[PDB]
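Okay, so here's the structure we're looking at.
Chain IDs A, B, C and D follow the sequence of writing; residue 1 opens each chain.
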Amino acid sequence: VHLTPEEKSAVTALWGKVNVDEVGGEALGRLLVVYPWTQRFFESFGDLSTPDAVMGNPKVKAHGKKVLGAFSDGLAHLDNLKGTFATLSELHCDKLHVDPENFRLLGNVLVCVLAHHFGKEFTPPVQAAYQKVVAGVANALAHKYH
Amino acid sequence: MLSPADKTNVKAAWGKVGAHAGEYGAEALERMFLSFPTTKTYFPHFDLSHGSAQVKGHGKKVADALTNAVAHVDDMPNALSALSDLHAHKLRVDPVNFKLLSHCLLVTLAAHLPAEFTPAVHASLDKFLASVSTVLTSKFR
Amino acid sequence: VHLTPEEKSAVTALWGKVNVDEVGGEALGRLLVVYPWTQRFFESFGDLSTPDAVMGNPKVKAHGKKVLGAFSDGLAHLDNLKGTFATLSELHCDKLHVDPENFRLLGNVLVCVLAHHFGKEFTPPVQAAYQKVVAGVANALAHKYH
Amino acid sequence: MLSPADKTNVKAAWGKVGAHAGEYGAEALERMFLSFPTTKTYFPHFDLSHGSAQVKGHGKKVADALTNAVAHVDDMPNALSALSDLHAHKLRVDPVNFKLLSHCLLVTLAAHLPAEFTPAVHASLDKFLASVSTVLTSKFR
């Protein structure tokens, strides 16, 4: 986004240690648990009745991996998140009717998961850079709403 | 919390809205749709065209609910329980959206009540709308 | 921001009708009245104890005209707000220490003031153009915070 | 509204914080200053440098009040009256900022209570910080 080479490195390097599979299933499940109203989009996933039920739901897990997947690919175009997510931005608007606020909630969930995972390694300065990334991604995703 | 003053201000200004609440409710929606387009993601099933009967009908519903909260200014949590439940469990509108409508409700009133839309009334109406929003969102989690 | 030519004309046409002196005083006064916390920056202005005290305060009125004066100028450089507002941004940050949320609150108050003043002339779509405008200024004023 | 499970969850998590609360207070502030540089507008009289004794001490201060609120999870309003006053009439911090500190506090706990930071505990703590926020900004106007 407006990441400092140093900030760029920090993101880049932490990410290389990330198991997208696991992180994505956890980000998306925590989202459905902490902010229950986000479940309005996943009725078809099944039983989201309990934390246990969300976290275990494989439809959830698999959607999480698909989401982090795309996010992951986006960290490769940090200079053009806008152009990187244009089609996903129109999809989310025009087909899925997802309020961009959701993009923001996930971002924050995402940061809590990384801290959870990397403990010590997820320093204030490393968090600061991730925050700029999640905000940049949500902004790019909301970009084509009309 | 709403003070005696706030309550007088709100009953007074809403009093003036009178029979126009319906139209003012619809107007607030349109303003909302044009200025904050993300709000539309909640009405995919609506004709959001200018003078949509759907919007018209929706405006009355919102207005009737506000009128009902003024009527029960001393028992809003109870007077609005049903709507609180609906929003919490069915519609699941993200909280941030409430602030957007409030703002647009304020604009519509300003535009319609030059004489009553005083600094003091503005302040009271603002607090009021915040109160209603808090109620409608109280059962979210 | 994202102002269509027709949004730019609509902004400009109405602004021609505005009495910046009066609107300035009205918007600032109303801010201190609706969001009393905002009074934290004006303890040298005197009595802000009641609405009349605020609204009628010679100092609040004078400051308001100064703020809307700077704002009017921004309306002529709709192309380069960040540029236009840079020194002001650094000042608000470094000297005044004004939280940028204040700038968004004032934009909203201003939109209510224009609605108050123009009645029906302040159409749904005229308001949409102004919302974009007040957001751009607020962004422009926060750009140099660090 | 905090449920019985929530209060339980909160009491457990904080229980583990223990002698480290001050340190976590401090780290959360540090994380906030860095991630949301606008929050620094309220601390112009502080040395915001890493390991600043001012930040340290304030960290302690914030932690302790949090502690006090867990202890009075049942009577927060009353337990934090003095604090809601200070914030509403003296400090006058914009309400938006309360969400930033809250988040940074979650982040800090996540980073330090791996085993304890489950999805259900995460939820409860969030709701808690939100309740705390509400109390602290209830006398704003």
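Methods note: a residue touches a chain if its C-beta (ideal position, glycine included) is under 8 Å from a C-beta of that chain, and two chains touch if they have at least 3 such contacts.
A count of C-beta contacts for the chain pairs B-C and A-B puts B-C on top. For A-D, the equivalent interface among the listed pairs A-B, B-C or C-D is B-C, as over half of the contact pairs agree by residue number. Inter-chain centre distance (subunit B to subunit C, centres taken as mean C-alpha positions): 25 Å. Centroids built from CA atoms put subunit D at 32 Å from subunit C. Among the residues of subunit B, those in touch with two or more other chains are 123, 141.
Subunit C has no residue in contact with two or more other chains.
Note for the complex: subunit D touches subunit A at residues 27, 30-31, 34-36, 103, 106-108, 110-112, 114, 117-120, 122-123, 126.
Within the complex formed with subunit C, the subunit D residues making contact are 37-38, 41-42, 44, 88, 92-94, 96-97, 140-141.
Interface of subunit D with subunit B (complex): residues 1, 123, 127, 138, 141.
The residues of subunit A lying in touch with subunit D in their complex are 29-30, 33-34, 51, 54-55, 108, 111-113, 115-116, 118-120, 122, 124-125, 127-128, 131.
By the touch rule above, subunit C contacts subunit D in their complex via residues 35-40, 93, 97-102, 142, 145-146.
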